[PDB]
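Chemist: I'd like to ask some things about the structure below.
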Amino acid sequence: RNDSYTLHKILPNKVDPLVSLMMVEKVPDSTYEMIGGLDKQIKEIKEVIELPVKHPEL
Amino acid sequence: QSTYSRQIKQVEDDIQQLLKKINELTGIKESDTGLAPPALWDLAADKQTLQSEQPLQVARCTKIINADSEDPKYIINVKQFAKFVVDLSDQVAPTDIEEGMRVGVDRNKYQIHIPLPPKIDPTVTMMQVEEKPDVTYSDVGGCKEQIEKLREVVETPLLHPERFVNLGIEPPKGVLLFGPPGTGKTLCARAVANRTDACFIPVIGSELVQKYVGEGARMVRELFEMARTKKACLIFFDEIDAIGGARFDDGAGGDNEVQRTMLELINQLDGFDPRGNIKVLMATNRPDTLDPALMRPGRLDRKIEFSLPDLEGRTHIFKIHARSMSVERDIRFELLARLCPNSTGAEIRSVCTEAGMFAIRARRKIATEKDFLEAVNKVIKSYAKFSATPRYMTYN
Amino acid sequence: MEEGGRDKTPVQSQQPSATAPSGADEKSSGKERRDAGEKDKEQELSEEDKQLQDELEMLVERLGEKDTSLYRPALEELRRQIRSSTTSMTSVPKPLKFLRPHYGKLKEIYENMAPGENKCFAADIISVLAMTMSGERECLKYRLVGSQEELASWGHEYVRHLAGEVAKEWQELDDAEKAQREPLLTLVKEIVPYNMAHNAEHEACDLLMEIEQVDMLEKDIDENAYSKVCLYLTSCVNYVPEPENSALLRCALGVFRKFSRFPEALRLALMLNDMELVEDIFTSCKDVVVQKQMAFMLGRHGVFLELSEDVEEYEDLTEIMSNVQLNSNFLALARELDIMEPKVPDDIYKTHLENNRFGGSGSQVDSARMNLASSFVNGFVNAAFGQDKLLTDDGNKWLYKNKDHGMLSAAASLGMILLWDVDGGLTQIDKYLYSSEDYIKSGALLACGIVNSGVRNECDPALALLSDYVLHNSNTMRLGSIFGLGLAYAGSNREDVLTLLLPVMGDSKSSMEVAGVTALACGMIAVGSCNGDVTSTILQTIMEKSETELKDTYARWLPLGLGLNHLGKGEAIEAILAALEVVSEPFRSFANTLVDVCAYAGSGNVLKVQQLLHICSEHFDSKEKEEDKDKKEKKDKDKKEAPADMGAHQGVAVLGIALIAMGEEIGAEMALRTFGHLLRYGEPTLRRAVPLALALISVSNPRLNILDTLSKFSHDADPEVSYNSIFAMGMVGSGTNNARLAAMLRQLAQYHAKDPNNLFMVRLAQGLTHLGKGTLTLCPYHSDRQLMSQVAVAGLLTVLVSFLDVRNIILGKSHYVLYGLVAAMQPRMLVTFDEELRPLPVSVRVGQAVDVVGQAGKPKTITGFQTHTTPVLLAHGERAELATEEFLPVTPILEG
Amino acid sequence: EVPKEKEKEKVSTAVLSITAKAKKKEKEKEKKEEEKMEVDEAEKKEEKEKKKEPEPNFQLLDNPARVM
Amino acid sequence: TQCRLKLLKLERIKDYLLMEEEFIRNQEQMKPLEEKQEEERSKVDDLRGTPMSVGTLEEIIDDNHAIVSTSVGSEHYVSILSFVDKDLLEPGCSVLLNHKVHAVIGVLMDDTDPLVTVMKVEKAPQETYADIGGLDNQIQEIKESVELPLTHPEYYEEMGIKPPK
Amino acid sequence: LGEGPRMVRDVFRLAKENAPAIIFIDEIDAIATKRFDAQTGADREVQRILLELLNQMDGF
């Protein structure tokens, strides 16, 4: 509330610059099935990118 | 004793608990007060608080045109770049504020209380500045032929302009110091600076380049002028290929930002005015980048080349360095230097440093022959190939 | 681990060999432990010798690497084996040999764990081992210094071992001279100076000096290492009481006076407070080193360097004593004599006046309180000595016009302005001495004391003039004369000065009320020398309190003198005390109590303890009130102890004022008033903060007279940095006006602080070290505790008379100029390992001229690479000379 | 009750904390050999006010006649 | 060695106890800290109030003024407020300004930037020392240059060379 | 400043209410930069138009 800048209520939502960025770039819609015929490719990519982020534990 | 030991551990908690009371009384954190100088200042300080002298907003006066409604007005443009017409607060005369001069105005009440000191807008350039440094005189090689030539131009008018007028010789201006990295353009300049005992501002041009084109240029003119005003100033401009590079464009790039600043430096040295007696030294990394305006005598009277220190110089750097050091004295310091190939000044010294390290390593009160041989055989092979000089010298 | 290495013959095993003593060895651990005990010595003797050689070799191999993982556990496991039974029992040759690497193993543990317990334990083992080995430790250290390579870690470790020896737990003199300390000093300056300081190993260093001087010259900084040994020694009061240290300082002082570095010697003679010591510091330099050089010269130069209080020569114990030794020293009789005479130190001060200029703008204006106000102000602008000459010459305005006590006050402050004149100020005082009432003549006498000190050194002394004057039947003239006497001698021991004090104030029945100051003057002579031990001061004080304690001024001064007369010594007080008891009163019981406190005083831990069992926070009537403030200050002690202890003193000084306020409510105003002077005595490490903080508050609290006291310290280093501080203070004073009486106190404050540029700074430090004594700060100090300061007391309070000499540059090979001389500055500092605080003589060249400063000037040193030389007099310029010692008898460093 | 009287009693209570505090702190238990700290001897100050008691008694209803 | 530890301790005991002793006791007795000590606490706290604009200290000027550039889009040549010290404002640190009239109330924040965060990297590596075998000589060379003068600079600067780097 | 993204939302919204409707931008460049300086107020403002645009594209 202005000219004192005393707080009123907390808005429960979180904001960082990173959350807006994610929305603007926009993740694709296209499934690996749709893309397919690259079936040989979806296996190769999967192992290096996906597996260590999903379970770095293993 | 045991009682005393307990307090060592304790004092840290004890200062932390007490910390709101410490903060108020001594300073920093909650209620910053020093108690020693703001206390003394307090009676004067009350005058400023009462007035609208806080704020006193950063500005520079464009023109002092007075006009009606409130008679004493000045036309000011703030450093963030918008103009206000302001008033005079009674505490100075209209005489004090002058056109082009830096001035303070309020933000809540726009009016001048006290004018702001002119031309000290670069903070970035100040960052680097250490007044009168030098590693130690012993690493130089002491008096070399190179040092003595530099003193005639540099020391002598600052120390005495009296002798100059008496004989009737024009006073010098510029010395251009050049050579690839590590031939000691800066090392010699520091040594003469200390000797003359003129105030010494060395600055890297790389901080007088900042933001976009034209802001860096404002910094260079104001700094230079300020030094020029100052009686017996020595300016050593350290490493300029950052306000000292080539002049061209090709219209796929362009050197412009660099050239705006370089040209601004060059202009200012002698000026379109006769000359002062305040000295400029330029240290450049290439003799291949220089345009003729810089080279004219009266902005550069004699060219001195500090490149690959001379035949006399190679031996002096080792012996004067060796003198300081605890070393063996049955080895000829000159033999080690002579072995060194086409030596840059930095390279001669590299032998001494490597030689001494082995000696420190043992912890002896001298050094031994073995420390010297491993050092010097190593320096001749590897270091010399890997110096600055093979690549740079052909180009230059 | 990796078992076998040296206990295995194949080519391959050499790599495990370094590693192996960390876990266990096959036979090599066993050789000292298992194999030695189980088998008999002689059967075993062949094997052990072969293996001994190999453990030596392993030591050398471990130094080859830079790793601590391989160095530390490897030497530790080996130790335990040695301890068991190869210590002294195998044979006559075999224990010497086993003991040699044992020392090496020991160092790492000693050095690494810092604690008190570890410390005592290592000394126990080291001492017994040293005796048996009989000098192998000395070769061991030297081999390690040479080596081929070693670790940085090891640099710290080898010195630490020298500490086991110094304790003498099993020694008493056998191998109490060197563990090869000499290379060890050179490399590193750290733990080794402490070891040396306690042992009394420091004697050997004089014999060694001839070798060391080369390293001190251009090669290293051996010089830093000895200056450190001196720091540890003075610090030893704080560490362990004054009586324990006192014996030690005597033995340390003889080795230093014999050594070429004279300032270190000078500090310690000044602490002990003895007649014999001073003449020896003067004479010893000349005798030990027969070459002319600096050596003959150092005796005089050190006396001029000594700055603790007063005029030329300063201490003045030393000035009388150095004659007789003068004739023996013989640089030339005619010249040495003339340099020692205060006539040559006066001339140089004349030059500094020119530089300073007029500051004078003060009131000299007639009638009322302003006439009284004017007299204190004229000096205060040009504090010490400056260009105030015009005003002093003019008799008519200020001196003559005053009435009553005001006349005495006017005359008394005059001497302090005329400070450091051979003559012409003496002409001026003599002209008053003849004129006007008794008040003029007496006031003239303190002032006389000041100017006449100018011609002295046992030919036409200051004593000679003062002796005729003292005789006077009138109370006032006689008082002023003794006060004048006390001022000149400061703290001396001399037959005459003591004799003039013996009958004077032989009654507690006196017309004036300032008679009490006689006792103070006497008190002053006692400290800073061997005590006066005057009967009049002791007997009278107890009778004075019984007739009257109604006059707050009178009652206070006599016991203050008693407490000072006793200071300087514990031993001496006993003779005088013995007398006092004959006359018994309730008053006397309190006199007795003061002697306990006096003897114990100056200790770093005894004095502190005493203050729970205090005489503050008590009144028995008002007997207790008078000395209670004095105890709390601890002001002598604060100055006396090292530069290191100053950091601590900045809290102490404040702590003592706090203590008075809590205990006694009335005492609270007094405590604050003492404070301004407390800091002046103290000369703390950082001077800027304390007086400024105080300066503003002192306007609000009752007695504006606190502010006047504050101003004395407050100007600090005279205006370059202080320009802001002196202007603000003056403004605070001048700004508030409420009465003529208030204005006058505030007016004294404004004018004192406001000092023109480049003027003599507030000092009672030596100007290398903040070490000294004060028996001239005392003359205001005493009079600053008198309840609602009178016009008569103001007069006593006005004098400075302690500030710097203008020469802070070459005395050298006979120069004594203010004319410029080159100096070197080090932009890159390494040293914090010199007590005095002078960085390296490797130098970078800079311009000429070092002039008076108070604080700073530490990086400022004198060139010693221009023709290669080392400083005897460690250079800072506060009152530190730019002078060097080289082989040649003339300075190779020519005046700028 | 009127405040005038109440102010007088508040100042009289204060004098007590100040006097005990004074002596106790002054004793050096941190500059003698033994250190048990002098910061633990940190006391604080007190005052005295009073106001009329509220106490509802003999209440069948809020303000009947208060039947005995 | 041990004796030294007692000396160092000596400065520090007096610093905590004195600050504690003086604040409370001196407002109580006579008029030393008294009205002045409250006055500094109160004035700074009121001026600061709500809100305070953050600014950065560019430079300090010798005449009780400073060049602060404020985070509101306006630069100021401020006047110092009564009972705040000019010379406790570091050029490394950002200062807090009262946002109604521009004067330095004080430094509660030194502030932080993402620019700092790049230089500072914390290491706790999977492979470290004794997880490397062979090429033993190469490690010893590194150490003579880097480790030995860094730990003990005292001889290396003292001998006359700049430390081998 | 500040108004520049606010414009974009309303004009783009007019299309949505009275749907189907065509938003046609003549030359998308001077706004569709893949590089912003982002240190002066001037650069920041262009960067704010592009930021709104992307968000709004999904919004239609």
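FYI, nothing fancy with the structure tokens labels: chains A, B, ... in order, residues from 1 per chain, ligands from 1 as they appear.
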Sorted by chain and rising residue number, which residues of chain C lie within 10 Å of chain D, and what are their closest atom pairs and distances in Å to one decimal, counting only C-alpha atoms, as JSON lines?
Modeler:
{"residue": "C:605", "atom": "CA", "partner": "D:32", "partner_atom": "CA", "distance": 7.1}
{"residue": "C:606", "atom": "CA", "partner": "D:32", "partner_atom": "CA", "distance": 8.2}
{"residue": "C:607", "atom": "CA", "partner": "D:32", "partner_atom": "CA", "distance": 9.0}
{"residue": "C:608", "atom": "CA", "partner": "D:32", "partner_atom": "CA", "distance": 5.8}
{"residue": "C:609", "atom": "CA", "partner": "D:32", "partner_atom": "CA", "distance": 4.6}
{"residue": "C:610", "atom": "CA", "partner": "D:32", "partner_atom": "CA", "distance": 8.4}
{"residue": "C:611", "atom": "CA", "partner": "D:28", "partner_atom": "CA", "distance": 7.4}
{"residue": "C:612", "atom": "CA", "partner": "D:27", "partner_atom": "CA", "distance": 5.5}
{"residue": "C:613", "atom": "CA", "partner": "D:27", "partner_atom": "CA", "distance": 8.9}
{"residue": "C:614", "atom": "CA", "partner": "D:27", "partner_atom": "CA", "distance": 9.2}
{"residue": "C:616", "atom": "CA", "partner": "D:26", "partner_atom": "CA", "distance": 9.8}
{"residue": "C:617", "atom": "CA", "partner": "D:23", "partner_atom": "CA", "distance": 7.6}
{"residue": "C:655", "atom": "CA", "partner": "D:26", "partner_atom": "CA", "distance": 9.9}
{"residue": "C:658", "atom": "CA", "partner": "D:26", "partner_atom": "CA", "distance": 8.4}
{"residue": "C:659", "atom": "CA", "partner": "D:26", "partner_atom": "CA", "distance": 5.9}
{"residue": "C:660", "atom": "CA", "partner": "D:26", "partner_atom": "CA", "distance": 8.7}
{"residue": "C:661", "atom": "CA", "partner": "D:22", "partner_atom": "CA", "distance": 8.8}
{"residue": "C:662", "atom": "CA", "partner": "D:22", "partner_atom": "CA", "distance": 5.2}
{"residue": "C:663", "atom": "CA", "partner": "D:23", "partner_atom": "CA", "distance": 6.2}
{"residue": "C:664", "atom": "CA", "partner": "D:22", "partner_atom": "CA", "distance": 9.2}
{"residue": "C:665", "atom": "CA", "partner": "D:22", "partner_atom": "CA", "distance": 9.8}
Chemist: With N, CA and C atoms kept, could you save the residues just selected as a PDB file, in the first residue's frame?
Modeler:
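Wrote it out as result-v6.pdb, contents follow:
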ATOM      1  N   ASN C 605      49.670  -7.424  35.815  1.00  0.00           N
ATOM      2  CA  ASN C 605      48.554  -8.193  36.283  1.00  0.00           C
ATOM      3  C   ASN C 605      48.251  -7.943  37.690  1.00  0.00           C
ATOM      4  N   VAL C 606      49.247  -7.532  38.548  1.00  0.00           N
ATOM      5  CA  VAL C 606      49.158  -7.226  39.983  1.00  0.00           C
ATOM      6  C   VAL C 606      48.333  -6.023  40.204  1.00  0.00           C
ATOM      7  N   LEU C 607      48.572  -4.984  39.367  1.00  0.00           N
ATOM      8  CA  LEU C 607      47.909  -3.671  39.531  1.00  0.00           C
ATOM      9  C   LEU C 607      46.387  -3.805  39.355  1.00  0.00           C
ATOM     10  N   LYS C 608      45.994  -4.684  38.353  1.00  0.00           N
ATOM     11  CA  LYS C 608      44.641  -4.945  37.889  1.00  0.00           C
ATOM     12  C   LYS C 608      43.782  -5.587  38.927  1.00  0.00           C
ATOM     13  N   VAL C 609      44.456  -6.532  39.641  1.00  0.00           N
ATOM     14  CA  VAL C 609      43.881  -7.381  40.750  1.00  0.00           C
ATOM     15  C   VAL C 609      43.512  -6.451  41.939  1.00  0.00           C
ATOM     16  N   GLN C 610      44.437  -5.476  42.193  1.00  0.00           N
ATOM     17  CA  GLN C 610      44.383  -4.575  43.365  1.00  0.00           C
ATOM     18  C   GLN C 610      43.056  -3.776  43.372  1.00  0.00           C
ATOM     19  N   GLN C 611      42.536  -3.389  42.171  1.00  0.00           N
ATOM     20  CA  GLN C 611      41.376  -2.590  41.950  1.00  0.00           C
ATOM     21  C   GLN C 611      40.030  -3.198  42.345  1.00  0.00           C
ATOM     22  N   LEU C 612      39.852  -4.485  42.668  1.00  0.00           N
ATOM     23  CA  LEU C 612      38.719  -4.961  43.445  1.00  0.00           C
ATOM     24  C   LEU C 612      38.751  -4.567  44.882  1.00  0.00           C
ATOM     25  N   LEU C 613      40.003  -4.538  45.481  1.00  0.00           N
ATOM     26  CA  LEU C 613      40.199  -4.197  46.883  1.00  0.00           C
ATOM     27  C   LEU C 613      40.414  -2.747  47.132  1.00  0.00           C
ATOM     28  N   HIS C 614      40.045  -1.919  46.116  1.00  0.00           N
ATOM     29  CA  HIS C 614      40.086  -0.474  45.850  1.00  0.00           C
ATOM     30  C   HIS C 614      39.892   0.504  47.011  1.00  0.00           C
ATOM     31  N   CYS C 616      38.422   3.392  45.656  1.00  0.00           N
ATOM     32  CA  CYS C 616      37.276   4.032  44.986  1.00  0.00           C
ATOM     33  C   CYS C 616      36.141   3.266  45.469  1.00  0.00           C
ATOM     34  N   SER C 617      34.952   3.896  45.377  1.00  0.00           N
ATOM     35  CA  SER C 617      33.707   3.378  45.910  1.00  0.00           C
ATOM     36  C   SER C 617      33.702   3.222  47.399  1.00  0.00           C
ATOM     37  N   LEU C 655      38.221   2.634  30.239  1.00  0.00           N
ATOM     38  CA  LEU C 655      37.782   1.680  31.241  1.00  0.00           C
ATOM     39  C   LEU C 655      37.935   2.335  32.595  1.00  0.00           C
ATOM     40  N   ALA C 658      35.377   4.957  33.333  1.00  0.00           N
ATOM     41  CA  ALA C 658      34.118   4.385  33.588  1.00  0.00           C
ATOM     42  C   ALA C 658      33.976   3.978  35.037  1.00  0.00           C
ATOM     43  N   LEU C 659      35.044   3.466  35.586  1.00  0.00           N
ATOM     44  CA  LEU C 659      35.268   2.882  36.886  1.00  0.00           C
ATOM     45  C   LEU C 659      35.118   3.925  38.009  1.00  0.00           C
ATOM     46  N   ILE C 660      35.597   5.153  37.715  1.00  0.00           N
ATOM     47  CA  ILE C 660      35.428   6.209  38.650  1.00  0.00           C
ATOM     48  C   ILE C 660      33.959   6.596  38.710  1.00  0.00           C
ATOM     49  N   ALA C 661      33.257   6.742  37.562  1.00  0.00           N
ATOM     50  CA  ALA C 661      31.854   7.140  37.582  1.00  0.00           C
ATOM     51  C   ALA C 661      30.901   6.217  38.301  1.00  0.00           C
ATOM     52  N   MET C 662      31.141   4.874  38.098  1.00  0.00           N
ATOM     53  CA  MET C 662      30.347   3.913  38.763  1.00  0.00           C
ATOM     54  C   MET C 662      30.472   3.906  40.221  1.00  0.00           C
ATOM     55  N   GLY C 663      31.760   4.001  40.690  1.00  0.00           N
ATOM     56  CA  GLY C 663      32.064   3.882  42.086  1.00  0.00           C
ATOM     57  C   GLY C 663      31.525   5.050  42.874  1.00  0.00           C
ATOM     58  N   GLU C 664      31.810   6.345  42.356  1.00  0.00           N
ATOM     59  CA  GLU C 664      31.578   7.598  42.977  1.00  0.00           C
ATOM     60  C   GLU C 664      30.905   8.525  42.029  1.00  0.00           C
ATOM     61  N   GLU C 665      29.657   8.979  42.449  1.00  0.00           N
ATOM     62  CA  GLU C 665      28.845   9.821  41.569  1.00  0.00           C
ATOM     63  C   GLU C 665      29.400  11.194  41.258  1.00  0.00           C
TER      64      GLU C 665
END
Chemist: Excluding region 77-89 of chain E and residues on its chain fewer than 4 positions from it, collect all residues at most 6 Å away from it, counting only C-alpha atoms, and give them as a list in words.
Modeler: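 My list of contacting residues is residues 32, 33, 34, 38, 39, 42, 45, 54, 55, 56, 57 and 58 of chain B; 40, 64, 65, 66, 67, 102 and 103 of chain E.
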Chemist: At what distance in Å, to one decimal, does CA of residue 443 (chain C) lie from CA of residue 475 (chain C)?
Modeler: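 Going from CA of residue 475 (chain C) over to CA of residue 443 (chain C), I get 12.3 Å.
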Chemist: Taking the DSSP secondary structure from the backbone, can you list the residues of region 699-840 of chain C that are helix (DSSP H, G or I), as a PyMOL selection string?
Modeler: chain C and resi 705-714+723-735+740-753+778-785+791-797
Chemist: Let me see the file: selected residues, C-alpha atoms, as a PDB file, in the first residue's frame.
Modeler:
ATOM      1  CA  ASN C 705      36.601  22.641  31.678  1.00  0.00           C
ATOM      2  CA  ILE C 706      36.445  19.068  30.419  1.00  0.00           C
ATOM      3  CA  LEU C 707      36.451  20.434  26.868  1.00  0.00           C
ATOM      4  CA  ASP C 708      39.576  22.520  27.629  1.00  0.00           C
ATOM      5  CA  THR C 709      41.359  19.286  28.801  1.00  0.00           C
ATOM      6  CA  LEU C 710      40.142  17.555  25.632  1.00  0.00           C
ATOM      7  CA  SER C 711      41.602  20.114  23.281  1.00  0.00           C
ATOM      8  CA  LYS C 712      45.203  19.301  24.427  1.00  0.00           C
ATOM      9  CA  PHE C 713      45.176  15.844  22.790  1.00  0.00           C
ATOM     10  CA  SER C 714      42.539  16.796  20.342  1.00  0.00           C
ATOM     11  CA  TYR C 723      41.990  20.396   9.374  1.00  0.00           C
ATOM     12  CA  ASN C 724      38.433  19.106   9.539  1.00  0.00           C
ATOM     13  CA  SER C 725      38.711  18.194  13.283  1.00  0.00           C
ATOM     14  CA  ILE C 726      40.285  21.497  14.555  1.00  0.00           C
ATOM     15  CA  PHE C 727      37.811  23.654  12.590  1.00  0.00           C
ATOM     16  CA  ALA C 728      34.737  21.702  13.865  1.00  0.00           C
ATOM     17  CA  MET C 729      35.783  21.801  17.508  1.00  0.00           C
ATOM     18  CA  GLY C 730      36.478  25.478  17.460  1.00  0.00           C
ATOM     19  CA  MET C 731      32.999  26.119  15.973  1.00  0.00           C
ATOM     20  CA  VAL C 732      31.154  24.029  18.581  1.00  0.00           C
ATOM     21  CA  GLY C 733      32.731  26.278  21.371  1.00  0.00           C
ATOM     22  CA  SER C 734      32.320  29.659  19.692  1.00  0.00           C
ATOM     23  CA  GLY C 735      28.756  28.736  18.485  1.00  0.00           C
ATOM     24  CA  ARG C 740      31.291  35.316  29.750  1.00  0.00           C
ATOM     25  CA  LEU C 741      32.495  32.627  32.248  1.00  0.00           C
ATOM     26  CA  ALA C 742      31.350  29.800  29.874  1.00  0.00           C
ATOM     27  CA  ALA C 743      32.737  31.617  26.859  1.00  0.00           C
ATOM     28  CA  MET C 744      36.190  31.731  28.354  1.00  0.00           C
ATOM     29  CA  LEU C 745      36.500  27.855  28.776  1.00  0.00           C
ATOM     30  CA  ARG C 746      35.168  27.245  25.279  1.00  0.00           C
ATOM     31  CA  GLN C 747      37.409  30.046  23.958  1.00  0.00           C
ATOM     32  CA  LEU C 748      40.471  28.202  25.545  1.00  0.00           C
ATOM     33  CA  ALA C 749      39.262  25.022  23.797  1.00  0.00           C
ATOM     34  CA  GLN C 750      38.826  26.725  20.315  1.00  0.00           C
ATOM     35  CA  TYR C 751      42.102  28.407  20.312  1.00  0.00           C
ATOM     36  CA  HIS C 752      44.126  25.330  21.471  1.00  0.00           C
ATOM     37  CA  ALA C 753      42.787  23.088  18.849  1.00  0.00           C
ATOM     38  CA  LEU C 778      52.037  15.860  35.339  1.00  0.00           C
ATOM     39  CA  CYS C 779      52.049  19.672  35.773  1.00  0.00           C
ATOM     40  CA  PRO C 780      48.537  20.042  34.110  1.00  0.00           C
ATOM     41  CA  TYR C 781      47.622  16.449  35.231  1.00  0.00           C
ATOM     42  CA  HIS C 782      47.628  17.127  38.916  1.00  0.00           C
ATOM     43  CA  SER C 783      45.751  20.512  38.622  1.00  0.00           C
ATOM     44  CA  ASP C 784      42.943  18.925  36.498  1.00  0.00           C
ATOM     45  CA  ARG C 785      41.264  17.368  39.541  1.00  0.00           C
ATOM     46  CA  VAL C 791      42.078  31.285  38.116  1.00  0.00           C
ATOM     47  CA  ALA C 792      45.066  30.263  40.184  1.00  0.00           C
ATOM     48  CA  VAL C 793      44.901  26.633  39.124  1.00  0.00           C
ATOM     49  CA  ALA C 794      44.454  27.538  35.416  1.00  0.00           C
ATOM     50  CA  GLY C 795      47.879  29.027  35.433  1.00  0.00           C
ATOM     51  CA  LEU C 796      49.635  25.785  36.478  1.00  0.00           C
ATOM     52  CA  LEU C 797      47.514  23.923  33.956  1.00  0.00           C
TER      53      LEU C 797
END
Chemist: Find the residues near region 12-23 of chain A: any atom within 10 Å, counting only C-alpha atoms, skip ones fewer than 6 places away on the same chain, and give them as a PyMOL selection string.
Modeler: chain F and resi 51+54-55+58
Chemist: With N, CA and C atoms retained, write the just-selected residues as a compact mmCIF listing (two decimals), in the first residue's frame.
Modeler:
# COMPACT_ATOMS: atom_id res chain seq x y z
N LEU F 51 8.53 -9.82 -25.76
CA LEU F 51 8.32 -10.66 -24.62
C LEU F 51 6.76 -10.89 -24.57
N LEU F 54 5.06 -13.06 -27.74
CA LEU F 54 5.25 -14.49 -27.67
C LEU F 54 4.18 -15.03 -26.80
N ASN F 55 3.89 -14.30 -25.65
CA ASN F 55 2.94 -14.78 -24.69
C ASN F 55 1.62 -14.86 -25.21
N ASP F 58 0.26 -17.51 -28.03
CA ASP F 58 -0.47 -18.71 -27.53
C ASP F 58 -1.89 -18.31 -27.15
Chemist: For residue 234 (chain C), find every residue with an atom within 9 Å (counting only C-alpha atoms), except residues of its own chain fewer than 4 positions away, and show them as a count of residues only.
Modeler: 10
Chemist: Hey, list the chain C side of the contact with chain B: 6 Å cut-off, only C-alpha atoms, answer as a ChimeraX atom specification.
Modeler: /C:145-150,219,689,692-693,696,728,827,844-847
Chemist: Give me, as a short mmCIF file (atom, residue, chain, number, x, y, z; two decimals) with C-alpha atoms, in the first residue's frame, all polymer residues having an atom no more than 12 Å from region 185-187 of chain B, counting only C-alpha atoms and skipping those fewer than 5 positions away in the same chain.
Modeler:
data_model
loop_
_atom_site.label_atom_id
_atom_site.label_comp_id
_atom_site.auth_asym_id
_atom_site.auth_seq_id
_atom_site.Cartn_x
_atom_site.Cartn_y
_atom_site.Cartn_z
CA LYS B 132 53.66 5.98 -6.81
CA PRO B 133 53.96 2.04 -7.00
CA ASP B 134 57.01 0.01 -7.89
CA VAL B 135 57.93 -3.66 -7.20
CA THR B 136 61.35 -2.62 -5.91
CA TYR B 137 64.19 -0.67 -7.58
CA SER B 138 66.55 -3.77 -7.56
CA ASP B 139 64.51 -5.77 -10.27
CA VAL B 140 64.86 -2.89 -12.77
CA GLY B 141 68.58 -3.34 -13.19
CA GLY B 142 68.88 -0.03 -11.34
CA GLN B 146 67.32 3.07 -20.82
CA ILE B 147 66.42 4.72 -17.47
CA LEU B 150 64.00 8.63 -19.92
CA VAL B 175 57.78 10.14 -24.79
CA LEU B 176 56.43 7.01 -26.67
CA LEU B 177 57.43 3.86 -24.98
CA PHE B 178 57.19 0.68 -27.18
CA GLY B 179 58.07 -2.90 -27.36
CA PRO B 180 56.17 -6.24 -27.08
CA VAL B 192 61.25 7.81 -12.86
CA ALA B 193 57.89 8.81 -11.34
CA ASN B 194 59.13 8.12 -7.80
CA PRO B 202 48.74 5.80 -13.97
CA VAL B 203 45.57 4.50 -15.66
CA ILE B 204 44.57 1.68 -18.00
CA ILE B 235 50.58 10.75 -16.33
CA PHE B 236 51.83 7.31 -17.39
CA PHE B 237 49.19 5.96 -19.79
CA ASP B 238 49.57 2.10 -19.21
CA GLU B 239 49.10 -0.33 -22.16
CA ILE B 240 47.00 1.42 -24.86
CA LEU B 281 53.97 9.32 -21.35
CA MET B 282 52.17 6.77 -23.64
CA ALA B 283 52.94 3.01 -23.45
CA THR B 284 51.72 1.16 -26.61
CA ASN B 285 51.77 -2.47 -27.36
CA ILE B 304 62.38 5.88 -27.18
CA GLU B 305 62.32 2.08 -27.86
CA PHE B 306 62.44 0.03 -24.64
CA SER B 307 62.06 -3.09 -26.87
CA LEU B 308 64.31 -6.04 -25.96
CA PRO B 309 66.58 -4.35 -23.42
CA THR B 344 62.99 -9.43 -23.22
CA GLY B 345 63.47 -7.80 -19.87
CA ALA B 346 60.85 -10.01 -18.25
CA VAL C 844 62.92 2.76 -4.36
#
Chemist: Got a sec to pull out which chain F residues are within 12 Å of chain B, counting only C-alpha atoms, and send them as a PyMOL selection string?
Modeler: chain F and resi 37-41
